[PDB]
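Okay, so here's the structure we're looking at.
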Amino acid sequence: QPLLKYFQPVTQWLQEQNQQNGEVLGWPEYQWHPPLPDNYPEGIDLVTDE
Amino acid sequence: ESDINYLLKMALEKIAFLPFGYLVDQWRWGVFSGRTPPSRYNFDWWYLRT
Ligand SMILES: *[C@@H]1O[C@H](CO)[C@@H](O[C@@H]2O[C@H](CO)[C@@H](O)[C@H](O)[C@H]2NC(C)=O)[C@H](O)[C@H]1NC(C)=O
């Protein structure tokens, strides 16, 4: 409880931002793994920074 | 050969059921204890099943 009291402003701001963005808390679809990038073992030295 | 056939037929119901029962009541004990919240019903169920 003291830990949550300490982080009260940041957790309130986070809750407001998540509510406005309309995201789902937690991680349903636990059975999800990211796809392997196309030609992954030989496609790593490619610049993708905006 | 007849003995093997009979015992494999019997082992298809008296051995394949052993993981079950154990599995089911382990999941239900976890749910009752609070270790499995409503957001982790399927997750823990399929973890125990696998
Ligand atoms: C849980 O999984 C189900 C089953 O795939 C998802 O339901 C599908 O949702 C998509 C996207 O809206 C629909 O096009 C499909 O028709 C749905 N499938 C069925 C069988 O109805 C569902 O979105 C997932 N739920 C969460 C909360 O992640």
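As shown in the structure tokens, the chain order sets the letters A, B, ...; within each chain, residues go from 1, and ligands are also counted from 1 in the order they appear.
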Check: which chain B residues lie within 9 Å of chain A using only C-alpha atoms, as an NGL selection string: :B and (39-40 or 43)
Would you write out those residues with C-alpha atoms, as a short mmCIF file (atom, residue, chain, number, x, y, z; two decimals), in the first residue's frame?
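The result, stored in result17.cif:
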```cif
data_model
loop_
_atom_site.label_atom_id
_atom_site.label_comp_id
_atom_site.auth_asym_id
_atom_site.auth_seq_id
_atom_site.Cartn_x
_atom_site.Cartn_y
_atom_site.Cartn_z
CA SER B 39 -8.43 -13.43 -16.17
CA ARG B 40 -6.41 -16.68 -16.04
CA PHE B 43 -4.48 -19.96 -19.33
#
```
Members of chain B assigned alpha helix (DSSP H) by DSSP, as an MDAnalysis selection string: chainID B and resid 2:14 19:33 41:49
File of the preceding selection, C-alpha atoms, as an mmCIF file, in the first residue's frame:
```
data_model
loop_
_atom_site.group_PDB
_atom_site.id
_atom_site.type_symbol
_atom_site.label_atom_id
_atom_site.label_comp_id
_atom_site.auth_asym_id
_atom_site.auth_seq_id
_atom_site.Cartn_x
_atom_site.Cartn_y
_atom_site.Cartn_z
ATOM 1 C CA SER B 2 -4.353 -61.838 -26.846
ATOM 2 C CA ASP B 3 -3.058 -60.790 -23.423
ATOM 3 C CA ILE B 4 -1.266 -57.796 -24.949
ATOM 4 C CA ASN B 5 -4.383 -56.779 -26.886
ATOM 5 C CA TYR B 6 -6.593 -57.024 -23.796
ATOM 6 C CA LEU B 7 -4.161 -55.114 -21.583
ATOM 7 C CA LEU B 8 -3.688 -52.373 -24.180
ATOM 8 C CA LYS B 9 -7.458 -52.017 -24.471
ATOM 9 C CA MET B 10 -7.674 -51.759 -20.679
ATOM 10 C CA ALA B 11 -4.726 -49.336 -20.522
ATOM 11 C CA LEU B 12 -6.488 -47.041 -22.998
ATOM 12 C CA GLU B 13 -9.026 -46.076 -20.312
ATOM 13 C CA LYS B 14 -7.347 -46.856 -16.983
ATOM 14 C CA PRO B 19 -3.593 -37.214 -16.001
ATOM 15 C CA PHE B 20 -7.259 -36.231 -15.920
ATOM 16 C CA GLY B 21 -8.924 -35.968 -12.544
ATOM 17 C CA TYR B 22 -5.594 -34.854 -11.160
ATOM 18 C CA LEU B 23 -5.607 -32.087 -13.774
ATOM 19 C CA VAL B 24 -9.237 -31.106 -13.192
ATOM 20 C CA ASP B 25 -9.132 -30.811 -9.426
ATOM 21 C CA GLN B 26 -5.726 -29.119 -9.530
ATOM 22 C CA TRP B 27 -7.241 -26.427 -11.740
ATOM 23 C CA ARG B 28 -10.280 -26.111 -9.476
ATOM 24 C CA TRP B 29 -8.145 -25.888 -6.325
ATOM 25 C CA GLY B 30 -6.123 -23.152 -7.999
ATOM 26 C CA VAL B 31 -9.301 -21.290 -8.939
ATOM 27 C CA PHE B 32 -10.697 -21.521 -5.406
ATOM 28 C CA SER B 33 -7.404 -20.449 -3.812
ATOM 29 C CA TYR B 41 -9.022 -19.454 -16.249
ATOM 30 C CA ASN B 42 -8.190 -20.700 -19.745
ATOM 31 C CA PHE B 43 -4.479 -19.957 -19.332
ATOM 32 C CA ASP B 44 -4.047 -22.174 -16.277
ATOM 33 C CA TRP B 45 -6.463 -24.783 -17.637
ATOM 34 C CA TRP B 46 -4.489 -25.292 -20.837
ATOM 35 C CA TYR B 47 -1.153 -25.069 -19.030
ATOM 36 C CA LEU B 48 -2.290 -27.977 -16.860
ATOM 37 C CA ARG B 49 -3.711 -29.815 -19.876
#
```
Pairwise distance for atom 23 (O, counted along the ligand's line) of ligand 1 and atom CA of residue 34 of chain A, rounded to one decimal in Å: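 Computed distance, atom 23 (O, counted along the ligand's line) of ligand 1 to atom CA of residue 34 of chain A, equals 17.1 Å.
From atom CA of residue 50 of chain B back to atom CA of residue 18 of chain B, the distance works out to 13.8 Å.
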Gap from atom 25 (N, counted along the ligand's line) of ligand 1 to atom CA of residue 24 of chain A - Å, one decimal: 10.6 Å
Distance criterion (only C-alpha atoms and all ligand atoms): nearest to ligand 1 out of A:2, A:32, A:8, A:15: A:32
